[PDB]
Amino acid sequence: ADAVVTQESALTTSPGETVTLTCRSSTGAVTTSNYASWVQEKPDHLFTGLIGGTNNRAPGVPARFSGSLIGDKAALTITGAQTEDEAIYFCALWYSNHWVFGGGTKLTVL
C-alpha cells in the first residue's frame, strides 16, 4: 500500500437529475474493508461528512445522497441533484495502516 485513489475530475448535472461519483483504487477492486468515505467541500473551505464505511450516511445528511460499491469501485449517488449540491466531493479509502484521499470531483449543477 502506497496506492493512488482516483476520482472523475469534473461532472455536470441539473436539478432533478441523477449523478454518480466513483472512486478507483490502483491496487484492485474496492472492498468494504477499505471503508470508503465521502466528504463535500462547499465554498469557503467548508467540509461536511456525507458517507463513511462504504454506505453509512452521516446523521443529518439529505436522503438524496447514498453510497455503495459498484463494480471495482465505490460510488456516491445523488438522486435528484439540487443547485446547492454544487461542490467538490472527495473519497477517502482506508488501506492497511493509513487513510488516502482522492483528488476530488468538481460537481457543477446548472
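The numbering used is simple: start at 1 and walk along the sequence shown.
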Average Cα temperature factor in the PDB entry - higher stretch of 101-109, 3-11: 3-11
56-64 versus 32-40 - which carries the larger mean C-alpha B factor in the record: 56-64
Highest-ranked of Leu50, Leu69, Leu46, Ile78 once sorted by CA temperature factor in the record: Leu46
Entry-reported Cα temperature factor of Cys91, expressed as the chain third it lands in: lowest
